[PDB]
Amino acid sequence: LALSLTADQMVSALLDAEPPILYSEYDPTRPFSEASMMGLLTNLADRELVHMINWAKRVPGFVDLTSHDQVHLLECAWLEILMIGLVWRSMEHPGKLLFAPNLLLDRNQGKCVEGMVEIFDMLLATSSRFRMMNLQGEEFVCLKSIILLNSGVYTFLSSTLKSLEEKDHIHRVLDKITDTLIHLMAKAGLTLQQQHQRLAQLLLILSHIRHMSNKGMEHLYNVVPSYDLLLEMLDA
């Protein structure tokens, strides 16, 4: 069904799939320790992951894949998706990151846990970049869907006829989301040149999000969701 959707049907489907805004654990002890703020962030992320899977299952084309391929897309993309959500939430709070409505953190609280101010600075620069570009909500949901479908696709096996069918399918859906982004920009009134340029600028920011996600795992070096956990939530 996904490949039959027009651009406006794709946008509406992506807007309606958006997950809820969650709150941080209420009234933690402030100031934080390294241990306590990692604890609040982990608990927030663990609760967001559940709604991430519900969102994923509503991204057109995602459910057509095997459960195994779905779990690998989520394994590769989950932190990037959490991060892009954080960046989108933070756009109108320059210099700060809005993890939840009740957990707004500035740069110098990032210094709390070792290794995290560097990622805070990158997250803040991405939020400024999105503010610079006047990123639109309809563009943001297309980007988040691209992250989900693209980040793990290069890891499909190609061993079998099916694996090529799975990976050709993802690329067809990614093509449709590209078409949808372009359609939104033409409907805004951008010229053809401006459309191609904005498309490239948005997709190039996705390589920075991938970088920050990689950087974050590396400073971390068992809080990442396991295959079995992601599979069980997918089947639930």
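We number the residues from 1 along the sequence you see.
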State whether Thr66, though modelled here, is left unmodelled in a third or more of the other entries compared. no
One third of the other compared structures is the cut-off here: is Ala35 left unmodelled in that many or more? yes
Sequence continuity check, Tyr221 and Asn222 (deposited residues unmodelled): 4 to 9
May I ask you to compare 95-103 and 149-157 by their mean CA B factor in the entry and name the higher one? 149-157
Comparing 205-213 with 167-175, which stretch shows the greater average C-alpha B-factor in the deposited entry? 167-175
Among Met132, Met122, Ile84, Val141, which carries the highest Cα B-factor? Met132
Per the PDB entry, which option out of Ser33, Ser67, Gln197, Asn43 has the greatest Cα B factor? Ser33
What third of its chain, lowest, middle or highest, does the C-alpha temperature factor of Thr180 fall into? middle
According to the PDB entry, is the CA B factor of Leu1 in the bottom, middle or top third of its chain, that is, lowest, middle or highest? highest
Considering every modelled residue of the chain and its Cα B-factor in the PDB entry, is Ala236 in the lowest, middle or highest third? highest
Please place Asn54 in the lowest, middle or highest third of its chain by C-alpha B factor as given in the entry. lowest
Per the entry's values, where does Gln109 land by CA temperature factor relative to the rest of its chain, in the lowest, middle or highest third? highest
